[PDB]
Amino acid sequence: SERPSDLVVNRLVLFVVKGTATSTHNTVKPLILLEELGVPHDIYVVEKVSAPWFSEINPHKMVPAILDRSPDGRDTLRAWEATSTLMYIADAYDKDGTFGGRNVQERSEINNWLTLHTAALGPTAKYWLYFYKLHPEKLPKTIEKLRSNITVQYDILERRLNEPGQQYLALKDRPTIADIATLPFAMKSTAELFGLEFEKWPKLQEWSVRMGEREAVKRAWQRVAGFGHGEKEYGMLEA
């Protein structure tokens, strides 16, 4: 379980895999927040998440994961699970609470809508994709029930965004880590993958377009697609 020669932690390192339509919807989450805050970071493209050295970073053996220097720069720390990477980046780099929440009131709603995604739509979408593509046997009654549960989550988000002045999920005024966490599983392209007509949730669709127009979000989607298709296929990408 020796670390590859090219893995060093001089700044925040974000672990990703080769970019595909179905490999980027969790890794893009911390990348959006890094781009929003302009955090200096490296990208490490993992060839095999099953590799022992990677399990020492993330024992759940998935991307995204982060290695970073401690605030005083003496030690190294780690974040894994997409929602945990958002919480870490906000803690370490969002001192103004622009995306993390400035007070107990803001953080109460951010944590409600962030946790709703982490517990409900996120894992439901993950199980849908697993049974749809990865499970050796096709289980259509299971796939259909998971698809049905996704529409129930879209219904909750739609109700929220129909509330007066509610331009984003947590706060009225600005997007937060709750919006960043939800976006990849609540946009037209992902809805079409699930076999859903996204137009049935108009305020949710409008919200997805508004999030999509943010320069940091555009930069994140642009970059995450390219990782592992460049000059260097695997390992630490050239800064």
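Numbers for residues come from their place in the sequence shown, where the first is 1.
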Going by the mean C-alpha B-factor recorded in the entry, which is higher: 207-215 or 175-183?
207-215
Check the entry's C-alpha temperature factors for 67-75 and 121-129, then say which stretch has the higher mean.
67-75
B-factor third for the C-alpha atom of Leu161 within its chain:
middle
Relative to the other modelled residues in the chain, which third contains the C-alpha temperature factor of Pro59: lowest, middle or highest?
middle
Taking only the Cα B-factors deposited for this chain, tell me whether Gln167 sits in the lowest, middle or highest third.
middle
For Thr85, return the chain-relative third of its C-alpha B-factor as stated in the PDB record: lowest, middle or highest.
lowest
Among the modelled residues of this chain, does the Cα B factor of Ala225 put it in the lowest, middle or highest third?
middle
